[PDB]
Amino acid sequence: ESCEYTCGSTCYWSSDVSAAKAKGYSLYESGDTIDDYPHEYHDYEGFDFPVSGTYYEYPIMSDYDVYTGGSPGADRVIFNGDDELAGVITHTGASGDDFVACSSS
Ligand SMILES: Nc1nc2c(ncn2[C@@H]2O[C@H](CO)[C@@H](OP(=O)(O)O)[C@H]2O)c(=O)[nH]1
């Protein structure tokens, strides 16, 4: 139960990531949003994503619960229209409204 990704000091397990991607994807697929998520992620930052876009972001929570509205915190899981995982990113340690990648491999 390793940290698939680490966001700043927050440790996310593989199971945390798949639940956040699954939640954001069920909405995406249903053409719905909750407080504006998921939404297109532009990849203004220039990240590597092992998969192809269009990319969508969904909040991944610090507390391990799936996002269902409210404050999104700083972490985001990134996925595409095929329900493929692209990665986990964070606002933590990023300047203003930029994002930095969460450590992994
Ligand atoms: N930094 C960054 N922001 C984006 C991108 N695409 C959309 N955004 C938007 O600008 C703000 C992201 O910094 C995002 O709110 P967020 O905090 O929900 O991501 C979002 O609405 C992108 O590729 N990079």
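Residues numbered from 1 in each chain as written, not as in the entry; some residues may be left out. Heavy atoms only, no water.

- The deposited coordinates derive from X-ray crystallography, with the record listing a resolution of 1.9 Å.

Topic: the state of the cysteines
Consideration 1: One pass over the structure, following the stated rule, counts 2 disulfides.
Consideration 2: For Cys3, the disulfide goes to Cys11, at an S-S distance of 2.0 Å. Since a negative S-S torsion denotes a left-handed disulfide, the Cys3-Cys11 link at about -95 degrees is left-handed.
Consideration 3: Accessibility expressed as a relative area gives 35% for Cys3, which makes it partly exposed.
Consideration 4: Across a sulfur-sulfur distance of 2.1 Å, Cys7 and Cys102 are joined as a disulfide pair. The sign of the 100 degrees torsion about the S-S bond sets the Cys7-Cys102 disulfide as right-handed. Taken together, the positions of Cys7 in strand 1 (residues 5–7) and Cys102 in the segment after strand 7 (100–101) put the pair 95 residues apart, joining distant regions of the chain. Accessibility classification places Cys7 together with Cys102 in one group, the buried group. (Disulfide = S-S within 2.5 Å. Buried < 20%, exposed > 50% of the residue type's maximum accessible area, 1.4 Å probe, protein only. Helix = DSSP H or I, 4+ residues; strand = E, 2+ residues; numbered from the N terminus.)

Comments concerning the packing of aromatic side chains
Consideration 1: If you walk through the whole model with that rule in mind, you get 12 aromatic pairs.
Consideration 2: When the centroid spacing of 5.9 Å and the interplanar angle of 40 degrees are considered together, the rings of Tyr56 and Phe79 count as tilted. With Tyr56 in strand 4 (residues 55–59) and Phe79 in strand 5 (residues 75–80), this pair connects stretches of sequence that are 23 residues apart.
Consideration 3: Exposure remark for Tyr56: the relative accessible area of 11% places this residue in the buried category. (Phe/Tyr/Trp six-rings, centres within 6.5 Å; stacked < 30°, edge-to-face > 60°.)

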